[PDB]
Each structure stands twice: as C-alpha cells, then as structure tokens.
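All remarks here apply to the structure that follows.
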Amino acid sequence: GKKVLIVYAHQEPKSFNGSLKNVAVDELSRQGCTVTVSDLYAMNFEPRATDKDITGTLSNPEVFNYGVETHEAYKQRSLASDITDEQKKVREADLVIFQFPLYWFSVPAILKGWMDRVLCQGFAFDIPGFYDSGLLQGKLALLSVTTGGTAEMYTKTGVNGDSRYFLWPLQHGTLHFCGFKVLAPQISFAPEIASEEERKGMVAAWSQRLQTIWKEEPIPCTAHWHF
Amino acid sequence: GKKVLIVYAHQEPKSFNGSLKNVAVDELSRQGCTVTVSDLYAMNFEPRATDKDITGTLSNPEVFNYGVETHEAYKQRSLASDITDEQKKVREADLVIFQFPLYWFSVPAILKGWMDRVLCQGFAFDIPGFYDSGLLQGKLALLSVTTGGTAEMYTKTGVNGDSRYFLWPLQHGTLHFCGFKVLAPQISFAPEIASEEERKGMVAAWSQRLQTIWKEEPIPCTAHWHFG
Ligand SMILES: Cc1cc2nc3c(=O)[nH]c(=O)nc-3n(C[C@H](O)[C@H](O)[C@H](O)COP(=O)(O)OP(=O)(O)OC[C@H]3O[C@@H](n4cnc5c(N)ncnc54)[C@H](O)[C@@H]3O)c2cc1C
Ligand SMILES: Cc1cc2nc3c(=O)[nH]c(=O)nc-3n(C[C@H](O)[C@H](O)[C@H](O)COP(=O)(O)OP(=O)(O)OC[C@H]3O[C@@H](n4cnc5c(N)ncnc54)[C@H](O)[C@@H]3O)c2cc1C
Ligand SMILES: COC(=O)Nc1ccc2[nH]c(I)c(CCNC(C)=O)c2c1
Ligand SMILES: COC(=O)Nc1ccc2[nH]c(I)c(CCNC(C)=O)c2c1
Ligand SMILES: [Zn+2]
Ligand SMILES: [Zn+2]
C-alpha cells in the first residue's frame, strides 16, 4: 500500500483549493491509500524560523544561528513538536502533495514556513545528500497550484513568463534538493474567472489524474526542463 | 534628500546579515538620507495571510477570499495596523532594500509574509495596473541576499544553476509587478565558508556600492536578463 501526505495552505474550506484537496483525499482514499492532511491554516502553523523551534537550551545562547541549532536539535531529538510531527508524516509518506494558491510566483508564507522549519538539516538533506542522494530519496512530490493569471499570461513571451520559471525554486531548489522525484506540476489556471464547467473540468482532471498517479514518470528536474 | 526603507529578515543582530544591514544604515545615514528599518523578527512580524487582517465587515463572509477581502479592506481603511504601518513606510520610501539569507531559493517565510500581506491589491498593484503600470512606479528596490552556496555552485552549469534563476519570482514576479525599478541584486556568497578577510571584503563592497547607489540604473527586469 502507499502513504500520502497532503500539505494544504488555504484559509477557506469552500475554496477551489479546498475542493482540490478534498478530491485528492476522496480519490486516494478510494484507491486504498493511507492519507494524511496537514491543513496549515487550521493548525495555525507557525511559519517563523526562531529559537522557539529548539526545546530546552540552545547549543550557543550567544550568537543564534538557525541552520546550525536546528541541525544539532534534530540529531539530538530536541526540535519543537510541531516540526517533529510534520517530519514524522513526511518520513512515512511515499508521495507528498502540496496544495496551494500561487502567492507572488511562490507558496503562501505559511507553506514557506513549513518548508523552512520542517525540511531541516539532518532530516531533509546533509553535505553527502544534496539533490540526487538527498535524505528523502525514494519519495515522490507534486505541486498542485492554483493561479490568478490565465494560462496565456504564463507563456514564454507573455508578461508573467513561463510557468516553469517560477517552479524552479520549489521543484529544483527545494524538492529536488531534498531527494524527491518530482511529478509534473498540476496547475489549475485562473479558477476565479473560469466557468462553473471549466472549474468542474479542472477538478475532474485532477481526480482523473490521481487515478494513475503511481504509474507516472518523474520529470527531469533540470535547468533545461524549467528554462 | 531621499528616504530608504530596509526590510530586514534575520534573527541574529551579530550575523553577517546584521552587519550588511548596519553598514547600509550607517552609509545612507552618513549621506544624509532618511533611513527606516523594519526588523521583521524583532517586530515578531505576522506572516500568515488570515481573516484577522481585516477588521471591518467582510465583503463575502460566506466564502473567505484573502485577496478580495484585503483589496476591499484597503479601500475601506479596515486593514490591520501592522499592515498599514508597513505600507506607510513603503509609500514614503524612494528605495526599498531587502536584506535576508536565501531560504530555499527564496526569502525567509517572515519576509514572504511581508510581501503577501503588505503588497495588497489597491496599494501595490491593481488589475489592471501592474508591471510598468504597477502602483509603486518610481520607487527603487534592491535585493541584498546572502547564500550558503558558493558563487561556483550558483552557475549556469553548476548544481544550483545560475543565481539569477532564483531572483525571478522576487525581482519580476513581485517587485517589477508592483512597479518598482529593480536595481542589480547584491549577492554575498557563502559567508560561512569565506575567510575573515573575504567577509570584510564583502561588507566593504556593499558599503562601497551604497556610496554611488543613486547614480545606478535599474536592470532590465526581463526573462532574457534572468535566463538568457
Ligand atoms: C497575496 C496574494 C498573492 C498572489 N500572487 C499571485 C501570483 O503571483 N500569480 C497569480 O497568478 N496569482 C496570484 N494570486 C492570485 C491567487 O493565486 C488566486 O486568487 C488563487 O490561486 C485562486 O485559488 P482559490 O482556491 O482561492 O480560488 P477560489 O476563489 O476559492 O475559487 C474560484 C471559484 O471556484 C469555486 N469553487 C470551489 N470549489 C469548486 C468546485 N469543486 N467546482 C467548481 N467551483 C468551485 C469557488 O466557490 C470560487 O467561486 C495572489 C493572490 C494573493 C492573495
Ligand atoms: C531554512 C534555511 C534554508 C536555506 N536555504 C538555502 C538555499 O536555498 N540556498 C543557499 O545557498 N543557502 C541556503 N541556506 C543557507 C543560508 O542562506 C546561509 O546560512 C546564510 O545566507 C548565511 O547568512 P548569515 O548572516 O546567517 O551568516 P552568518 O553565519 O551570520 O555569517 C558567517 C560568519 O560571518 C561573520 N560575520 C558577521 N558579521 C561580520 C562582519 N561585520 N565582518 C566579518 N565577518 C562577519 C559571522 O560572525 C559568522 O562567523 C539556508 C539556510 C536555512 C537556515
Ligand atoms: C543548516 O543550514 C541550512 O538549512 N542550509 C541549507 C538549506 C537548503 C539549501 N539549499 C542549498 I544550494 C544550500 C547551500 C548549502 N551550503 C553549502 C553548499 O555549503 C542550502 C543550505
Ligand atoms: C486577488 O487579489 C490578488 O492579490 N491577486 C494577485 C496578487 C499578485 C499577483 N501577481 C500576478 I501575474 C497575479 C495575476 C493577476 N490576475 C490577472 C492579471 O488576471 C496576481 C494576483
Ligand atoms: Zn532539479
Ligand atoms: Zn521583470
């Protein structure tokens, strides 16, 4: 069987993102998959990287270095429990789906904080395991993104440039760097202005796509693919 | 005389970022510029875009849409005051410098939340009224980024790819979109690896650049500049 984690970052259960997350839960559950959702806003997930992320006393209360203190805290099982809970769900997952509206060509800050705080050194990567050989090798990852801007605006010679340009920090700089094989993003362009039927069509396409998700080939996560 | 806002996102005043921020304050201050710093971590700045950011009646209370609601609250002056306090600093600023460690090929979340919450519709852009028509037209912006990776790693054929690839969402998708003229980024590679002399050299190079900052032209903030 397979374990799926959906990390979901939208304020509103009735939203289009809400529906995409619920269709993913229904379909993967139907297939017999083990499903877990991290609903960041409902958890009121803490996005800031602070000394509060380390329980007990710090490895150097003089000069606070977040990257080093969390690395040492991981190794010695001394991270705050919101972080260690997320890492447990990630560790056990076979597929991690991120479900979010595009904010400023990127993830909402709440989801940026999950990545900043949960994918720490020792857990997600280390000197030996950057990129291919990142500590999360074996796992699949998939961005399901909704946009304000239409698909035409997101072309090579449109104002916004190509969709693949903004994916680079997330797919390559984050997911690939951690060891993830990355599946082709799912992008539901401009739902707010699509018809009720185009909306239905995008939701169903997602459901339909999750049906064969495990047969999918990972993208080549490379400068060429993105650019 | 000019006004500068530095939006600063580091936890530790004694850090290399802390130093880059202090030399900017000192140098622009010495020039006789008006300088403001938003020290996000010290302010415990709130990064989450929630319905707490609107204090008035919601437009559509049945289904909460963050961007719709904050556009409305902006026009109504019913946005939370931590947001309107930042907007006032930006509105008055001639130049906005962002000072931050690269986190996951991007800004730390606290700073992403600043962008998410402060650069709202009605204030920073409108639909239509973005890119060259963005509402913050006439303002300069500059990213001053520190990295863990070396300059060599951040090349066209390096593992990380070219450093300019990760600037795209920030420079073009955010700053250019709001109407800023974007100045060439200041990238301070791998200070943790660098020697004492090399670090001091990076701090002085920033300081030195700031002397002539008002004489600089913006980058062409285009696909070609970023990707070739
Ligand atoms: C701070 C900020 C930054 C942003 N930056 C960008 C950016 O850089 N680039 C960009 O393109 N956009 C950007 N946006 C816009 C944003 O990405 C879009 O508003 C968002 O992706 C839309 O997704 P949603 O789930 O909130 O849509 P919703 O408004 O919640 O959904 C659209 C409609 O679909 C309906 N719906 C819900 N479920 C279903 C269903 N099952 N079937 C049919 N209809 C359904 C809803 O009721 C609604 O009427 C930004 C927005 C904000 C607030
Ligand atoms: C969550 C997270 C994600 C990250 N993601 C990335 C990434 O995607 N890509 C990447 O490349 N890196 C990444 N990093 C690494 C990160 O960007 C670096 O650790 C950071 O940029 C270094 O900046 P700093 O100010 O903290 O350095 P510091 O550790 O504070 O500086 C290094 C040295 O400089 C010294 N120093 C301070 N001031 C001065 C001065 N006045 N003169 C001389 N020396 C001085 C300090 O004492 C210290 O010894 C990430 C780190 C974290 C924690
Ligand atoms: C413990 O501190 C972090 O969490 N660091 C962190 C996280 C994600 C990262 N991606 C990339 I490239 C780097 C640069 C790696 N540094 C080198 C190459 O010497 C990086 C660093
Ligand atoms: C809902 O209110 C927001 O805050 N929306 C928001 C914010 C930043 C944005 N950048 C980019 I491209 C877009 C797409 C704009 N939509 C168009 C042109 O149809 C965008 C939208
Ligand atoms: Zn890659
Ligand atoms: Zn641009």
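We number chain A the same way Swiss-Prot does; the residues here are 3-229, in that order.
The backbone N, Cα and C atoms fix where each Cβ goes, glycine too.
As recorded in Swiss-Prot:
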- A:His12, A:18-21, A:104-107, A:148-151, A:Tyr156, A:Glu194, A:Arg201: FAD binding site (BINDING)
- A:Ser80: phosphoserine (MOD_RES)
- A:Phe127, A:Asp128, A:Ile129: substrate binding site (BINDING)
- A:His174, A:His178, A:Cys223: Zn(2+) binding site (BINDING)
- A:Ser197: phosphoserine (MOD_RES)
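Distribution of Swiss-Prot features across the structure.
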residue: A:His12; record: FAD binding site; DSSP (3 states): coil
residue: A:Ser21; record: FAD binding site; DSSP (3 states): helix
residue: A:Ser80; record: phosphoserine; DSSP (3 states): coil
residue: A:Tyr105; record: FAD binding site; DSSP (3 states): strand
residue: A:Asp128; record: substrate binding site; DSSP (3 states): coil
residue: A:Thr149; record: FAD binding site; DSSP (3 states): coil
residue: A:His178; record: Zn(2+) binding site; DSSP (3 states): helix
residue: A:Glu194; record: FAD binding site; DSSP (3 states): helix
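Listed recorded positions (A:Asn19, A:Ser21, A:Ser80, A:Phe107, A:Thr149) with a CB under 8 Å from any chain B CB: A:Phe107. Among the recorded positions A:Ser80, A:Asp128, A:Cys223, the residue whose Cα lies closest in space to that of A:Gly151 (FAD binding site) is A:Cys223. Every protein chain shown contributes to the tally, and the Cβ of A:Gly151 (FAD binding site) ends up with 16 other Cβ atoms within 10 Å. For A:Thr149 (FAD binding site), the nearest neighbour among the listed recorded positions (A:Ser80, A:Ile129, A:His174, A:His178, A:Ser197), judged by C-alpha distance, is A:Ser197. With respect to ligand 4, the recorded positions A:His12, A:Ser80, A:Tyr105, A:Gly151 contribute A:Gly151 as residues with a C-beta closer than 6 angstroms to one of its atoms, given in sequence order.
Taking the Cβ of A:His174 (Zn(2+) binding site) as centre and 10 Å as the limit, one finds 23 other Cβ atoms among all the protein chains shown. Taken residue by residue with DSSP, A:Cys223 (Zn(2+) binding site) is part of neither helix nor strand, so it is coil. The two recorded residues, A:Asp128 (substrate binding site) and A:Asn19 (FAD binding site), show a Cα separation of 33 Å.
Ranking the binding-site residues A:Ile129, A:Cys223 by how many other Cβ atoms lie within 10 angstroms of each Cβ puts A:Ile129 at the bottom. Within the set of recorded positions A:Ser80, A:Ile129, A:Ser197, A:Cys223, no residue has a CB atom less than 6 Å from any atom of ligand 1. Residue pair A:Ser21 (FAD binding site) / A:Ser197 (phosphoserine) shows a Cα separation of 15 Å.
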